[PDB]
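Summary of the model geometry
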Amino acid sequence: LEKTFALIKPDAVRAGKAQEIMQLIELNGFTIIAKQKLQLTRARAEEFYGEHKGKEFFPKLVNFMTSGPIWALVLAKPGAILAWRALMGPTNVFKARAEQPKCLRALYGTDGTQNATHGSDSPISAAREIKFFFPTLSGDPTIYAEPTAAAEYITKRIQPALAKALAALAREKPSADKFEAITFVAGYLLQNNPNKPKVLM
Amino acid sequence: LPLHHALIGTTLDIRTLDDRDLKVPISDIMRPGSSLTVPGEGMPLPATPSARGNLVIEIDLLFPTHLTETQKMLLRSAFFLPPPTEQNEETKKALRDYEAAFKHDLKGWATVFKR
Amino acid sequence: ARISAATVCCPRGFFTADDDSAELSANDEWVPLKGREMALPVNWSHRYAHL
Amino acid sequence: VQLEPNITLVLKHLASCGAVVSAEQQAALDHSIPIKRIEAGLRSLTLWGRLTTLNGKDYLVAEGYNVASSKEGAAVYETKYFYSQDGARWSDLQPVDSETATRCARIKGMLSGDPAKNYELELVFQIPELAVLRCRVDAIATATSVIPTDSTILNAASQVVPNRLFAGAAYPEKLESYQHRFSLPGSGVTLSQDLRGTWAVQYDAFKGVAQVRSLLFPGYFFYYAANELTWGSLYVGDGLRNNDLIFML
Amino acid sequence: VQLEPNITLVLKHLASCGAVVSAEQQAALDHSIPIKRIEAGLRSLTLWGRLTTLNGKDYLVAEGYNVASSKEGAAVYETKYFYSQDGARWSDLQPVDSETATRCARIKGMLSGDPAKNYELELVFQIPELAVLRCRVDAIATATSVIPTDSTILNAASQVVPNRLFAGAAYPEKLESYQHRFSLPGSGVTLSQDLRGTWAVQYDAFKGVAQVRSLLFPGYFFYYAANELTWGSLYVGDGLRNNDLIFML
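What counts, and at which threshold
- Residues numbered from 1 in each chain as written, not as in the entry; some residues may be left out.
- Chains lettered and ligands numbered in written order.
- Part of a larger assembly, values for the part shown.
- Heavy atoms only, no water.
- Helix = DSSP H or I, 4+ residues; strand = E, 2+ residues; numbered from the N terminus.
- Rg over C-alpha atoms; globule rule 2.2 N^0.38 Å.
- Buried < 20%, exposed > 50% of the residue type's maximum accessible area, 1.4 Å probe, protein only.
- Contact = heavy atoms within 4.5 Å.
- Buried area = accessible area lost by both parts, 1.4 Å probe.
- Salt bridge = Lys/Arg side-chain N within 4 Å of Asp/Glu carboxyl O.
- Polar contact = N/O pair within 3.5 Å; in protein donor to acceptor, adjacent residues only side chain to side chain.
- Nonpolar A, V, L, I, M, F, W, Y, C, P; charged D, E, K, R; others polar.
- Core = buried A, V, L, I, M, F, W, Y, C linked by side-chain atoms within 4.5 Å.
- Pairing = 2+ DSSP bridges.
- Axes fitted to C-alpha atoms, helices over the stretch in contact; angles between N-to-C directions.
- Least-squares fit on C-alpha atoms.
- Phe/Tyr/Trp six-rings, centres within 6.5 Å; stacked < 30°, edge-to-face > 60°.
- Parallel < 35°, antiparallel > 145°, perpendicular 65-115°, else oblique.
- Left-handed = near helix turned anticlockwise from the far one by under 90°.
- Patch = residues over 30% accessible without salt bridge, like charges linked within 9 Å, V, L, I, M, F, W, Y side chains within 5 Å.
- Areas by Shrake-Rupley, 256 points an atom, 1.4 Å probe, with all protein chains shown as cover.
- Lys, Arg positive; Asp, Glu negative; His and termini not counted.
- Charge placed at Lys NZ, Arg CZ, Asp CG, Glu CD.
- Disulfide = S-S within 2.5 Å.

- cryo-EM is the method the PDB entry lists for this structure, together with a resolution of 3.2 Å.

- Per the PDB entry, the recorded name for chain C is Flagellar radial spoke protein 6, and the organism is Chlamydomonas reinhardtii.
- As recorded in the PDB, the entry bears the title "Radial spoke 1 isolated from Chlamydomonas reinhardtii".

- Going by the PDB entry, chain A carries the name Flagellar radial spoke protein 23 and comes from Chlamydomonas reinhardtii.

Looking at the overall build of chain A
- Along its length, chain A carries ten helices and four strands.
- Traced from its N-terminal end to its C-terminal end, chain A shows the element sequence β-α-α-β-α-α-β-α-α-α-β-α-α-α.
- Taking 17 Å as the expected radius of gyration for a compact globule of 201 residues, we find that chain A reaches 23 Å, considerably beyond that expectation.
- Across the 201 residues that make up chain A, the buried fraction comes to 36%.
- Counted over contacts in chain A with a minimum sequence separation of 6, partners at least 24 positions apart contribute 69%.

Considerations on the interface of chain E and chain A
- The interface is formed by four residues belonging to chain E together with four residues belonging to chain A.
- A buried area of about 420 Å², summed over both sides, lies between chain E and chain A, and 51% of it is on carbon and sulfur atoms.
- The interface formed by chain E and chain A includes zero salt bridges.
- Taken together, the links from chain E to chain A amount to one residue pair in polar contact.
- Across the side of chain E that touches chain A, the residue classes break down as one nonpolar, no polar and three charged.

Section: the arrangement of the chains
- The structure contains four pairs of chains in contact, of which chains D and E account for the largest number of contacts.
- Regarding chain C and chain D, the two do not touch, and the least distance separating their C-alpha atoms is 9 Å.
- Nothing in chain C touches chain E, and the closest approach of their C-alpha atoms is 27 Å.

Quick notes on the nonpolar core
- With 75 residues, the main nonpolar core has D:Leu133 and E:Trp48 as its most contacted residues.
- With eight residues, helix α4 (residues 129-144) of chain D is the largest single contributor of residues to this core.
- Setting aside its immediate chain neighbours within four residues, E:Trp48 contacts E:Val61, E:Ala62, E:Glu63, E:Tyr81, E:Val137, E:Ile140, E:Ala141, E:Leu234 and E:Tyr235.
- D:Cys17, D:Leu45, D:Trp90 and E:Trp90 belong to the second-largest nonpolar core, a separate cluster that totals 42 residues.

Examining the interface of chain D and chain E
- At the junction of the two partners, chain D supplies 20 residues and chain E supplies 19 residues.
- Summed over the three residues of chain D that lose the most area to chain E, namely D:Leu165, D:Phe206 and D:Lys207, the buried surface amounts to 25% of that side.
- Seen at the junction of chain D and chain E, the total is two salt bridges.
- When the shortest N-O distance is used, the salt bridge between D:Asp30 and E:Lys12 registers 3.4 Å.
- Those elements that provide at least two residues to the side of chain D that touches chain E are α1 (8-13) and α2 (23-39) of chain D.
- Counted by class, the side of chain D that touches chain E contains nine nonpolar, five polar and six charged residues.

Brief notes about the environment of A:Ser120
- Here A:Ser120 shows up in the loop between β4 (117-119) and α8 (123-133).
- In sequence terms A:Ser120 and A:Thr4 are 116 residues apart; their C-alpha atoms lie 6.5 Å from each other.

Points about the sheet that holds strand β3 (residues 74-84) of chain D
All names here are of chain D.
- Strand order in the open sheet formed by four strands is β1-β2-β3-β4, with antiparallel pairing between adjacent strands. Of all the strands in the sheet, the pair left with one neighbour each is β1 (45-51) and β4 (91-93). Across the sheet, the mean angle from the axis of one strand to that of its neighbour is 35°, orientation sign disregarded.
- Two strands pair when backbone bridges link them, and β1 and strand β2 (residues 59-71) are joined in this way by six bridges, in the antiparallel orientation. Bridging across to β2, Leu45 finds its partner in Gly64.

Some points on the relation of the copies chain D and chain E
- Aligned on chain E, chain D shows an RMSD of 0.7 Å; the corresponding rotation is 179° and the shift along the axis is 0.7 Å. On the angle and the small slide along the axis, the relation comes out as a two-fold axis. By C-alpha distance to the rotation axis, the residue of chain D lying nearest is D:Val1, at 3.0 Å.
- Residue by residue, 90% of the interface of chain D is reproduced at the interface of chain E, so both copies engage with the same surface.

Section: the side chain of D:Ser177
All names here are of chain D.
- Residue placement: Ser177 occurs in the loop between β9 (160-162) and β10 (178-180).
- Classification of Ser177 by relative accessible area gives buried; the value is 7%.
- Within the local environment of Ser177, its side chain forms a polar contact with the backbone oxygen of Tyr171, the two atoms lying 2.8 Å apart.

Considerations on the packing of aromatic side chains
All names here are of chain A.
- Inspection of every chain in the model, using the stated rule, returns 26 aromatic pairs over all chains.
- Taken together, a centroid distance of 5.2 Å and an interplanar angle of 75° make the contact between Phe132 and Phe133 edge-to-face.
- Exposure remark for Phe132: the relative accessible area of 11% places this residue in the buried category.
- Residue classification places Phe133 among the buried residues on the basis of a relative accessible area of 10%.

Examining the packing of helix α9 (residues 147-172) of chain A against helix α10 (residues 178-191) of chain A
Residue and element names in this part refer to chain A.
- Direction vectors running N to C along α9 and α10 enclose 135°, while the axes themselves pass 10 Å from each other. Overall, the two elements α9 and α10 adopt an arrangement that is oblique. Seen from above, α9 lies across α10 with right-handed handedness. On the side of α9, the interface is formed by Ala161, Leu162, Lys164, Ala165, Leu166, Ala168, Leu169 and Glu172, while α10 contributes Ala181, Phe184, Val185, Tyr188 and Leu189.
- Grouping the amino acids of the contact of α9 with α10 by side-chain chemistry returns eleven nonpolar, no polar and two charged.

Description of the sheet that holds strand β14 (residues 230-235) of chain D
Residue and element names in this part refer to chain D.
- Pairing is antiparallel in the open sheet, where four strands are placed in the order β11-β12-β13-β14. Looking along the sheet, the strands with just one partner apiece sit at the ends: β11 (199-204) and β14. Across the sheet, the mean angle separating the axes of adjacent strands is 15° when strand polarity is ignored.
- The pairing of strand β13 (residues 220-225) with β14 spans six bridges and is classified as antiparallel. Each bridged residue has a counterpart across the sheet, and for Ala225 the counterpart in β14 is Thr230.

Considering a negative patch on the surface
Residues and elements named next belong to chain C.
- On the surface, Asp18, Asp19, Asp20 and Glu23 cluster together into a patch of negative charge.
- Structurally, the position occupied by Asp20 is in the loop between β2 (15-17) and β3 (24-26).
- With a relative accessible area of 76%, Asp20 lands in the exposed category.

Looking at the state of the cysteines
Residues and elements named next belong to chain D.
- Evaluation of the coordinates by the stated rule reveals two disulfides over all chains.
- With a sulfur-sulfur separation of 2.0 Å, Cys104 is cross-linked through a disulfide to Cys135. Between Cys104 and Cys135, the S-S dihedral sits near -100°, and the bridge is therefore left-handed. The two residues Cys104 and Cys135 agree in class, both being buried.

Here you go:
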């Protein structure tokens, strides 16, 4: 059981065909894990389409993707990625109509860029994008939970701030009770940390 | 605000920052330079993430630019009408006749369509 | 009895009151008032004698 | 079983008690209830009642809430009230502070039509009429909000939610089968705990329909149909209170 | 949600489709459906339709069942029908044989109001008029008896019963959201596995109300309201299906 990312583009939402697309998606065995209707901004779309950086089609692609609200979905199935690529069909609508006439591109697409849907390519990209739009959606307990990767994770990100916090606490040596020390170290971590700034008013 | 909206009273329409519309009645004769307050319709409190301020409508009246002499006569008759317990029977009959004539369904001007 | 005398009513001019007796005779010349005129209480009259 | 009382079923079952609204206003309601339910963020907006007035322009009052929590031993609904003269365009009823809430209960009388009316009290206190209207609605809702017992239930995070497995109330003629909406589901508080002679129950046992009428507030009616399990409540007439209950009974 | 369909809801929601019942008949139904329901012993009894007859009087037909079982891979409802001319006295509508039903099939045109008329067929056969009425009614019923999908569920002892905690049909403007009454809840047999042009659906998303019209039998209408999970069906007209349907499409 895997899961992939898929978004209905503004062209199939401006024409009111989103609900039919969801029904078709569900009829073929998929299961919508999470859905959300949302309008990207220019910066968010540019960060989203990072792989095709400085490409020739990038201006029109980012201009179309932020013309209206889109739908974002996570679809779960044993063969979710390949099945969604097959159902979604060929990437060019004019080629799609000739090749596979009963496919989402042929049925709802209108142009090379207005293909009316977007899917993932590989499991790494799928997981990355699911994390991009659903930061709180759990998943992938195998690659993340890995003793070598976990030690690297703690050392690279969590350890630099923690070592300073445990030192300051050893210097200060607050009350021997647990709760006071825990609150002190938590406040220290939330006060001075590398990535976030300090808020003053 | 139009002057007759101030005196007679209407409902202001405001679209809040949240995706909710809002219709607030005018509760009395709005004074010049007065204001209205809708509690719980301001920005959230930075301290507590539930309570909010109160939206404040600052009212700037839009007085009519032109008035005829008959309109002024009607306004003076409206601004000096005796209290309803002091009115003669002639006064009540005249008021009833005028109201039935101003709200005449085909030849009265109570409701007209913009050209 | 009390409610009937105060509340039961008829449009004004629909009847004619006999000058001698309390009896009311239907008026032949009554021209109806149409519309929101029947909402003014000056256009109605009592149908039963005052208690 | 039901999750929100209808307007059509309520207006049908309470027609005999004089709780009726004009037909044109009925159509306007049918069209313009969802519009207000979507404009505001509410998820359950029904018709509360209809208050009379010195004009013909009665006040139709509707009530809607988003969240309904359990705070300090009471089921509290963050209600929002709207008013209209015709069923087409609704306006909002802002709550009133305590000083006005005490200076508005002394203004006995029948409300006028224009909601820009100022009453005077004693120095002179100038109070708006919409404040008086909100005071009366709040008092009536505090005294009269009736729902069948166990129709609500508590979930995680302490939210009162409809009991989707509610099998109706046995003995629907006894007042022990009804409760205020702001009584917590576990508490055994019902309408019986109120003053003995305040509530009257007439139960048609053949057609299986019960009517509860408030005698402290004479214009509040509630109906509960057991066979179809539909309960509703309306208030018609002004919002004045029947002080001398002891003499009438 | 709902336990049984409400007659006033059916008349209110299906009025735009020309499915109406007169005022006297409305009140008479309101007062007389419960009486026959109690006398017969049926848990459910409701107006099934109004077949129009030649002269002024019409045939109001109601149906009722006690409990619906699951037998031979289908939801079997043991129904009993009653007919009337006025909405006051409900007489019984007797079941007919097989060959007699085949002979009903060759009777066309509007049937006459008098329940004592006898039609002539061919060796000559005398066909009672109530037999023709029952034949037409059972044909319409076994053709189109709509219910939203998964609104019923099995239980212990295997009797299909209302599903008390029902989410509501998702995507309600599509035939997959509705099914036949005699289709089991578990199976995926829905209103989409019949002929491709025999049904039509209209949907209002704001009001959230869906209307389903049968084209094979033009007088059968169904409604489903999404905001309040209430659905109901009504038949108005003579019991003739348009065999020349294809040319209509």
